[PDB]
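**Q** From first to last, the protein sequence lines stand for chains A, B and C.
Residue 1309 in this note's numbering sits at position 49 of the first sequence, with consecutive numbering throughout.
Residue 1442 in this note's numbering sits at position 182 of the second sequence, with consecutive numbering throughout.
Residue 1339 in this note's numbering sits at position 79 of the third sequence, with consecutive numbering throughout.
Every residue gets a Cβ at the ideal spot worked out from N, C-alpha and C, and that includes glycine.
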Amino acid sequence: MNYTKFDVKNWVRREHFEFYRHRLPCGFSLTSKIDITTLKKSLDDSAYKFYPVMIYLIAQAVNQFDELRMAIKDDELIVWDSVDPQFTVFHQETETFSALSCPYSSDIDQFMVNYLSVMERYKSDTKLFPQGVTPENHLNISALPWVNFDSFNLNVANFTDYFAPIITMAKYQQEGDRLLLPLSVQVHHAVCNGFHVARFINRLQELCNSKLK
Amino acid sequence: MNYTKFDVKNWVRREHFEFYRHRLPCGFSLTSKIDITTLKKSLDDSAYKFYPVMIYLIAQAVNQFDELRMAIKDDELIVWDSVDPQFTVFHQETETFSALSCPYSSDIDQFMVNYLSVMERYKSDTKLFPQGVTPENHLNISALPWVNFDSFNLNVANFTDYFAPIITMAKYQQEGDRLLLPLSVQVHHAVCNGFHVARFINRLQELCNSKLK
Amino acid sequence: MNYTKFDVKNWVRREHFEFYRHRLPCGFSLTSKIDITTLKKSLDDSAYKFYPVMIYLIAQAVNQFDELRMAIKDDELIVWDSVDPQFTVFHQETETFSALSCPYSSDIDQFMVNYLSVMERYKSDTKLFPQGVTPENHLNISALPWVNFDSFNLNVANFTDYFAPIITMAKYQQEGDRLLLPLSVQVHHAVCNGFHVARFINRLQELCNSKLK
Ligand SMILES: [Co+2]
Ligand SMILES: [Co+2]
Ligand SMILES: [Co+2]
Ligand SMILES: [Co+2]
Ligand SMILES: [Co+2]
Ligand SMILES: [Co+2]
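Below, the structure is given as structure tokens:
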């Protein structure tokens, strides 16, 4: 068991969780711009690719905060020890997207090897879920490289007890001397508030500004 | 009775109200940036705090327009003579937010005294609604001070006949020579359209640019 | 018959369509900024008005891509040969909006004549749908000229099998040496993905940068 059953009996956010879960079911999206000036430099002195490093960096930050790793399993509220990213891959020949995942690793070079192999194996597989069933301990990551956006938001009919963060990136752009990346974060309010989203974004920004390895 | 029953029989927006209320239930959110350069200067020559003045200023503008003060009471469509703001307060020890309100006043200094006392009284109260039942004649105001956003949007499951405006502020930032504040406005389309939201924002901007007292 | 019944039996996006249509009903909105510097120049050397040219230009691009012209008719998935725009008109005396449409034409001057006459005929008609029943082969276009927005999003209760794109424009603004127009695109995920929205926006931008006639 790769999760811990959360002591909700005793949880300080108990009232908050039930209000936003059942009283006023709510989630929100917010788009913010990440300075990736430093990151671009780091990439430049390396052989790492952009999409693969963002995946890694987002999964790395989601994995430092518990509230971004919450779920319901057995009608119980759990916390995943770790999450693996499910990212999108564009298929040029069909104009559709496939969703892929691979195991997260604190070792970036091991991450990269995991990524390239999943990519090699399923590159021509235009099914929606080429690997089958999505692992429950996941996060969704996606990228719209062709257009810059100031906003993005998913309008989903029903969102009951779906607590995995959905992260979307747009095309970066030169905003003077800075290179910025619009990143949309969408979460459920039962487990995550505005503070927790801000704390993830401040952490991701830190990481973009640090050495890769 | 602190409201007037609206003559809907005769209302020019009658068809519009029923279409967006029952035919195609709809609301929208929009985020715009308020120049608060002047405001910062005003604050600087004063002892007023930021969050408290924004609250006051938003409640002041919501209180000049009727359509932002609408509601259903008794299955009747009403207009509130006045509304009191319900703002959020962050509790650092629990990572949760409390919602508080206090009486609106055209006298800012009286507003401030109302604010500080409600704050003093409930500062350590991490309940969600420390004061109990929210007053019906309200508006929601909230602030995400830790992160700058270009967009924000609430995804609420059901929104039936909930006509109170929800306003969210982000961290301001220096956009050249200007200090700007992302402000998200979310409303129901039955009572408020794009014109009315724009008219509120143009009015709030005016007010940010004027003397406080 | 102004549509073709789509071979969905054989469609490469078959799985994608049913997943986002029934499994996880989903749509999204995204706001991007269109450089209309060139366009302003073109207008300047002409007698064309802004709202009318944007309408024309958006309808022109929607009409080059099939996926933006999809619908359900007879429980069948169709593609419209062509679509006519339904745009909004502000009535200053009532503070409400009317929705109007007129026939699309590859000849801009013919477009303009169609537009001016529909405008002349229904200018003082504050009904919501002054012309009656909206043509099925449409797109919605709207404009909020009074305020600049970085984001916009419609929160619609139910969106079942409604595949027509909704496009919203804000007030442009001078962003240094460029004049930019925030444009919000909202679509259903069953027929349109992030690639297809980006491809529409890249096409509209091209068109803004080209001669009118
Ligand atoms: Co419950
Ligand atoms: Co860990
Ligand atoms: Co009705
Ligand atoms: Co009054
Ligand atoms: Co089905
Ligand atoms: Co054609």
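#1: Is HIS1449 of chain A a contact residue of ligand 1, with contact defined as CB to any heavy atom under 7 angstroms?
#2: Write down the C-beta distance between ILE1318 of chain A and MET1330 of chain A rounded to the nearest angstrom, noting that I regard them as a contact closer than 8 angstroms.
#3: Alpha carbon to alpha carbon, how far is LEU1284 of chain C from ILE1426 of chain A? Give it in angstroms, no decimals.
#4: How would you label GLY1436 of chain C, buried or exposed, when you count the other beta carbons within 10 angstroms and need 16 or more for buried?
#5: Which first and last residues belong to the beta strand (DSSP E) in which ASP1295 of chain C is found?
#6: Under 7 angstroms between beta-carbons, which chain B residues line up against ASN1400 of chain C? List them in chain order, please.
#7: Going by beta-carbon coordinates alone, are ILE1315 of chain B and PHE1357 of chain B separated by less than 8 angstroms?
#8: Fully enclosed by the segment 1323–1368 of chain C, which beta strand (DSSP E) runs are 3 residues long or longer?
#9: Spell out whether any CB of chain C is found under 8 angstroms from the CB atom of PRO1285 of chain B.
#10: Alpha carbon to alpha carbon, what distance is there between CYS1362 of chain C and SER1361 of chain B?
#11: At 4 residues or longer, what runs of the alpha helix (DSSP H) sit wholly inside the segment 1396–1426 of chain C?
#12: If you drop the 5 nearest sequence neighbours on each side, which residues of the same chain put their C-beta closer than 7 angstroms to that of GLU1327 of chain B?
#13: Report yes if the CB atom of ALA1430 of chain B is closer than 8 angstroms to the CB atom of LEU1464 of chain B, and no otherwise.
#14: Thinking C-beta only, is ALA1417 of chain B closer than 8 angstroms to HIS1398 of chain B?
#15: Apart from the five residues just before and just after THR1428 of chain C, which ones in its own chain have a Cβ nearer than 6 angstroms to its Cβ?
#16: Taking Cβ to Cβ, would you say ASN1262 of chain B is nearer than 8 angstroms to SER1342 of chain B?
#17: For a test of the three-state rule: what should DSSP assign to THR1264 of chain C, helix, strand or coil?
#18: Any chance the CB of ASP1267 of chain C is under 7 angstroms from a heavy atom of ligand 2?
#19: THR1291 of chain A touches chain B at which residues, Cβ-Cβ below 7 angstroms?
#20: Going along chain C in order, which residues have a C-beta closer than 7 angstroms to the C-beta of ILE1461 of chain B?
#21: Looking at the secondary structure, which residues open and close the alpha helix (DSSP H) in which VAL1457 of chain A lies?
#22: Quick one: which chain C residues come within Cβ less than 8 angstroms of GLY1392 of chain B?
#23: Determine the direct distance from the alpha carbon of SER1292 of chain A to that of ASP1410 of chain A, and round the result to whole angstroms.
#24: Taking the alpha-carbon positions, what's the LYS1301 of chain B to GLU1466 of chain B distance?
#25: For a contact defined as C-beta to C-beta under 8 angstroms, what are the partners of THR1420 of chain C on chain B?
#26: Report yes if the CB atom of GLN1433 of chain A is closer than 8 angstroms to the CB atom of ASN1408 of chain A, and no otherwise.
**A** In brief:
#1: For the purposes of this step, residue 1449 of chain A is taken as the residue at position 189 of the first sequence. Not so, every heavy atom of ligand 1 lies at least 7 angstroms from the Cβ.
#2: Looking up residue 1318 of chain A in the first sequence gives position 58. Looking up residue 1330 of chain A in the first sequence gives position 70. The pair is not a contact, with the Cβ atoms about 17 angstroms apart (cut-off 8 angstroms).
#3: Against the first sequence, residue 1426 of chain A aligns to sequence position 166. Against the third sequence, residue 1284 of chain C aligns to sequence position 24. Cα to Cα, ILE1426 of chain A sits roughly 14 angstroms from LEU1284 of chain C.
#4: On the third sequence, residue 1436 of chain C is found 176 positions in, with the first residue counted as 1. Exposed, by the Cβ-count rule.
#5: The count along the third sequence starts at 1 and reaches residue 1295 of chain C at position 35. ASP1295 of chain C -> beta strand (DSSP E) spans 1286–1295.
#6: One-based indexing of the third sequence puts residue 1400 of chain C at position 140. Simply none; closest approach about 11 angstroms.
#7: The count along the second sequence starts at 1 and reaches residue 1315 of chain B at position 55. The count along the second sequence starts at 1 and reaches residue 1357 of chain B at position 97. Cβ distance not < 8 angstroms, so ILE1315 of chain B and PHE1357 of chain B don't count as in contact.
#8: 1330–1333, 1336–1340, 1344–1351 and 1356–1361
#9: Position 25 of the second sequence, counted from the first residue, corresponds to residue 1285 of chain B. Yes, contact with chain C.
#10: Position 101 of the second sequence holds residue 1361 of chain B. Position 102 of the third sequence holds residue 1362 of chain C. When rounded, the distance between both Cα atoms is 49 angstroms.
#11: none
#12: The residue given as residue 1327 of chain B occupies position 67 in the second sequence. Hits under 7 angstroms: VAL1451, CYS1452 and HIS1456.
#13: The residue given as residue 1430 of chain B occupies position 170 in the second sequence. The residue given as residue 1464 of chain B occupies position 204 in the second sequence. Cβ distance not < 8 angstroms, so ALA1430 of chain B and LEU1464 of chain B don't count as in contact.
#14: On the second sequence, residue 1398 of chain B is found 138 positions in, with the first residue counted as 1. On the second sequence, residue 1417 of chain B is found 157 positions in, with the first residue counted as 1. For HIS1398 of chain B and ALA1417 of chain B, no; Cβs fall outside 8 angstroms.
#15: As a first step, residue 1428 of chain C is located in the third sequence; it is residue number 168 there, counting from the start. Correct list, in chain order: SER1402, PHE1412 and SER1444.
#16: Numbered from its first residue, the second sequence carries residue 1262 of chain B at position 2. Numbered from its first residue, the second sequence carries residue 1342 of chain B at position 82. Yes, Cβ-Cβ distance for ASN1262 of chain B and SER1342 of chain B is below 8 angstroms.
#17: As a working note, residue 1264 of chain C is residue 4 in the third sequence. Note: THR1264 of chain C maps to strand in three-state DSSP.
#18: For the purposes of this step, residue 1267 of chain C is taken as the residue at position 7 of the third sequence. For ligand 2, not one heavy atom lies less than 7 angstroms from the Cβ of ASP1267 of chain C.
#19: Translated into positions along the first sequence, residue 1291 of chain A becomes position 31. By Cβ distance, chain B contributes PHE1409, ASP1410 and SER1411.
#20: Indexing the second sequence from 1 puts residue 1461 of chain B at position 201. Within 7 angstroms Cβ-Cβ: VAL1407.
#21: For the purposes of this step, residue 1457 of chain A is taken as the residue at position 197 of the first sequence. 1454–1468 is the span of the alpha helix (DSSP H), which, as asked, contains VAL1457 of chain A.
#22: Here residue 1392 of chain B refers to the residue found at position 132 of the second sequence. The premise fails here: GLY1392 of chain B is roughly 29 angstroms from chain C at the closest Cβ pair, so nothing lies under 8 angstroms.
#23: On the first sequence, position 150 is the one that residue 1410 of chain A refers to. On the first sequence, position 32 is the one that residue 1292 of chain A refers to. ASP1410 of chain A and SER1292 of chain A: Cα-Cα distance of roughly 8 angstroms.
#24: Here residue 1301 of chain B refers to the residue found at position 41 of the second sequence. Here residue 1466 of chain B refers to the residue found at position 206 of the second sequence. In a straight line, the C-alpha of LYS1301 of chain B is about 15 angstroms away from that of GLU1466 of chain B.
#25: What you label residue 1420 of chain C is simply residue 160 of the third sequence in a count that begins at 1. Result: empty, since nearest Cβ-Cβ is about 12 angstroms, beyond 8 angstroms.
#26: Counting from one through the first sequence, the residue named residue 1433 of chain A turns up at place 173. Counting from one through the first sequence, the residue named residue 1408 of chain A turns up at place 148. Result yes, Cβ atoms of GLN1433 of chain A and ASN1408 of chain A sit closer than 8 angstroms.
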